[PDB]
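Order as written gives the chain letters A, B, C, D, E and F; numbering starts at 1 within each chain.
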Amino acid sequence: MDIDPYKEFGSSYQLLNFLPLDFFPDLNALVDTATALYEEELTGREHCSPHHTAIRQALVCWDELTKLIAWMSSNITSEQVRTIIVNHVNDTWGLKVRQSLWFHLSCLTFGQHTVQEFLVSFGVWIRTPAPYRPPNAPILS
Amino acid sequence: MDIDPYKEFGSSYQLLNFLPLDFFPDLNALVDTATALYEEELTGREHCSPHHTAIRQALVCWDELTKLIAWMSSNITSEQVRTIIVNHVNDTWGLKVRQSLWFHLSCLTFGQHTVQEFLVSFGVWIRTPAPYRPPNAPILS
Amino acid sequence: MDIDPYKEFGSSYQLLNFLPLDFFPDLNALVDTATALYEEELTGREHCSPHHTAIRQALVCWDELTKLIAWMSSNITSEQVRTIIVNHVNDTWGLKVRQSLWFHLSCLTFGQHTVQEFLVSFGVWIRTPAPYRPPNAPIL
Amino acid sequence: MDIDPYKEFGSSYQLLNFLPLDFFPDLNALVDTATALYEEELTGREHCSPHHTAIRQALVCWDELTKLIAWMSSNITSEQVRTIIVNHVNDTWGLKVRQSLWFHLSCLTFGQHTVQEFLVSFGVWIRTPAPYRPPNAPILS
Amino acid sequence: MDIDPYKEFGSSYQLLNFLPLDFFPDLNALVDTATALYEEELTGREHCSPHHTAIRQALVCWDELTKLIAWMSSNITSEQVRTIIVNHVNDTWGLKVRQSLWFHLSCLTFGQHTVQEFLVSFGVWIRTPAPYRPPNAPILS
Amino acid sequence: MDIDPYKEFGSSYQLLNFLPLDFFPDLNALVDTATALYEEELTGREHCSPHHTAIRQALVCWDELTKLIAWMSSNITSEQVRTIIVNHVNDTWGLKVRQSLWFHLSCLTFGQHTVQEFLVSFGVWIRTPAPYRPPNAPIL
């Protein structure tokens, strides 16, 4: 079916649809961020809050995606077909991963309630036109 | 008569007359904002605080306005008359809708008391001349 | 998404669609109706029951259309160009206003529990044809 | 200032003008009604309920107008000139007198609150279209 | 004599002499600001905190000033003399009014203690040279 | 909007308009009046009763006009140009000041309850013509 992976977390696609598609950080820095904090936590045994659980599936989504890119480049795809696929998966797959990892790692670093206020207040910022808008877009703290 | 739709909400036209006519967000992002948060709340049964009620009339004002634009464009108006009407209703009708939806959706996301301080403090910002004024115009949080 | 303006109030727009055009009083009656009756109630400071509030939203919504027809008549429109626009917006837009004005005024005068049983019984009257209904419609 | 006298009477000046203007009876019949009912109270010493008092003021108001109409008619004014004025003062002042005298004579003969409910019921009756209506106009008991 | 109108309010001319003469808002927006909030409060009966009282004399100072400008322009002054007077009163009279109204309307919107910290901290900002100074000059909140 | 400077104080500007020009003492008296009487009261630090405060506003308002007439005399104005401006602003602007200075000083000397009954009774004196009033106006 068509479930929302943020539905139990008090969010949706529509809350993330406040965010533009260029706000998100790139993957490797987000990869290194959870590596900096939560490597023993994600590889541990503790069943701690299911934001932990969602990252575990998220990296597995990313890890076999890297082998998938490494497979089709090394074996099958010619150079014209390959660059169209690599551009497409970075704009479709990893974008959802950038939807995924950015969400939960914010919540492990700030809690759930900080995230919920963050998405709405940024939406107020992005709905404001170019005049009458502060150049400080709101961020985390 | 000539009632003020913010009179019970501790506000008026004059409090919104602090705000310039270009501060307001555009409609669709404001439409998607309440869609992101309050779609089940506005379509529900709960009689919760009449800021809920005001949005319900506000979208009905917007929804038949879209059919009105779709009617007269498809049927009656020639191209010279049509663009004058579309420009006029966006500057008169939806401007009041941008007065409407921006008010209450701020209150559902921040409370009444946050809104009241916000309108006055922005007025202090806009009455300040171009020197001696911070480029951070005040926003919500 | 769509918003039913009667959804939380124990009603529906589809319930309101069993009302013919001849049932509703016109606009200038209902403007005067809220004028003489609830003048202190609409201008009041208070968080009164939301049937007040929908009326408070509807009138401000209505006054834009008075501004609209006075604008384009003097500014752009010809006779027959204005004629089809004004008559259609009278019969589609303001009819919904004539629905909503008629609704909440009776809810503030008789309570919405009385309103529902009125409209259902008027339904069952108008759900039947004329040779199988009393010739006087339900009132009160 | 421009006061409305009905405000202390548990009513308003807008309640008077909600009725159709033909409804207010002819004034010569209105004078005789208070004569047939209230001649002892309108001439007595008594401070009785101040809807008594306004009746006294209106008849003092009305007679000097009738003296004024009898003044300029017999003395100075040309006949097509006076006819515009005499028509106007009946349509303007006497209508207010018909607003005045009908309100209080209903109030003394039927109570304060019953007249208030009478304005609502007869008012919403005539605003209602002819089908889907109570078949006869409401009147007093 | 030479009293200070802020002496009872814990301030002076010297505290306002921290503020440059261009920081102040223009009159009409300040006029509309108190109109937006305090129109029933200033025209009421309540003897509430004498910051209320000071605005009442301040607008009377402004109101007969407008009639004074409207008098001498319409009657007496030729065009060369008039523009020198209008420039002079805007830089002397209304500047004191901009000293006046900006002070109290800040206090009705933020309290006394917020104002006192505001004047000193802005003085620290304005005494700081052009390097080593944040472009966010401090404002109200 | 307009602000009545006597509105909260149980008075009105329309009440003050029953006072002729000859009733009020002039400016330099009332400047000296607040000088000798309430010198510590006007220069004081305290949140004294707002009849102090209106006097505290009025004098600072007044001192701009002394700055104004000393400015344009030496700077721009001719004789008859200055003559009509100064005399009119003496009789329209400062008369309102001569109203307000006379008002709050008596309120600090006798209390505003005494002030109202003084002004009403002086009204009823001046509301009647001279052949139907005592030839001495009310005092105290």
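Points to keep in mind about this one:
Just so we're on the same page, a residue touches a chain if its C-beta (ideal position, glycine included) is under 8 Å from a C-beta of that chain, and two chains touch if they have at least 3 such contacts.
For chain pairs E-F and A-B, the one joined by more C-beta pairs in contact is E-F.
Taking each chain's centre as the mean of its C-alpha atoms, the one that lies farthest from the centre of subunit C is F. If each chain is reduced to the average of its C-alpha atoms, the one that sits nearest the average of all protein C-alpha atoms is B. Distance between subunit C and subunit D, defined via averaged C-alpha coordinates, is recorded as 32 Å. Centre-to-centre spacing of subunit A and subunit C amounts to 48 Å, using the average Cα coordinate of each chain. Between subunit A and subunit F the centroid-to-centroid distance comes to 72 Å (mean Cα coordinates, whole Å).
Counting only residues that touch two or more partner chains, subunit B has 35, 135-136, 138. Pairwise chain contacts present here: A-B, B-C, B-E, C-D, E-F [touch as defined]. On the side of subunit E, the complex with subunit B involves touching residues 20, 22-26, 29-30, 32-33, 35-37, 106, 109, 135-141. Listed in rising order, the residues of subunit B touching subunit E in the complex are 12, 14-15, 17-18, 117, 120-121, 123-129, 131-136, 138.
Residue ranges of subunit C in contact with subunit B, taken from their complex: 1-5, 7-8, 31, 34-35, 39, 42-48, 50, 52-54, 56-61, 63-64, 67-68, 71-72, 75-77, 81, 84-85, 88-89, 92-93, 96, 100.
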